[PDB]
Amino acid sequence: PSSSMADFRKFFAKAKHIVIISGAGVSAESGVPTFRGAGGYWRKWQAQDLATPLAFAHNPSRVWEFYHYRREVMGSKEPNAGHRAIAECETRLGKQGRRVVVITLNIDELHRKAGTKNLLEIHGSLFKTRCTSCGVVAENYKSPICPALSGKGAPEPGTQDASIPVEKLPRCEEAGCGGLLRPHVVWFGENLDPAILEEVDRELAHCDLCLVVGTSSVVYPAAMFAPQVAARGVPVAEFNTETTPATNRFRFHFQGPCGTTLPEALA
């Protein structure tokens, strides 16, 4: 693909509806642990092991410790230059009657913290719960999410499992339910929300420029969004630290950290 920043900027100056797809690279640049491919590890596992229905069915206490740890570290984490460039772009273009929407695979809410308003969080959020019995979804920012997890979730290898009885895990407060809560995060092998995908499809159908930022482009169906957009002739520009299996399908590829390339790109 092309690496002419000047050429991309010509499309950027004219674009009326920009879709920005962001993945784990953007969160890692804030120092958020992504637990995918260094990574690194939570004590002996990575996300592929614990973000699964199987892992939650076997040891929900261990999965909750993992998600509790991830919620807690967010206190020390701030949006990076990439998040800020993306949020400022949205505000600046919106004043010109131009639309910018972020479709993120990330679950850490740093895009919102940076001020992004048009946001589709297609894999859920560390700060939402869902009841495994009644299905209600709720926001939850409490540290710790439940008394039994207080001080738990330590990440060092060799840390014993908290082994919290399921009744002491986060419980639904819908009157009459009290079912066990899970993180409202899409796990490997689960389907994404059809209403969310309907929103995604509307944005993809109407955009005139697409950016793919910090994404490995091997997690589906998210890996396939940008290819359907190029079909209508829409330019796709990829911003990643390395090539991906989808790189040769894009109009532009700008190699490097997203917090380095995006400020120039979206200036």
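For every residue, the number given is its place in the sequence shown, counted from 1.
Of the two segments, 154-162 and 126-134, the one listed with the higher mean B-factor is 154-162 (C-alpha atoms only).
Set 22-30 against 35-43 and average the Cα temperature factors; 35-43 ends up higher. Between the residues 109, 174, 88, 78, the entry's highest C-alpha temperature factor is the one at 174. Considering 213, 236, 57, 63 together, the PDB entry gives 57 the largest C-alpha B factor.
Residue-level temperature factors show residue 168 in the highest third of its chain, judged at the C-alpha atom. When all modelled residues of the chain are sorted by CA temperature factor, residue 94 is found within the middle third. The PDB entry assigns residue 201 a C-alpha temperature factor belonging to the middle third of its chain's modelled residues. In the deposited entry, the Cα temperature factor of residue 180 places it in the highest third of its chain's modelled residues. When the CA B factors of the chain's modelled residues are split into thirds, the value for residue 51 lands in the lowest one.
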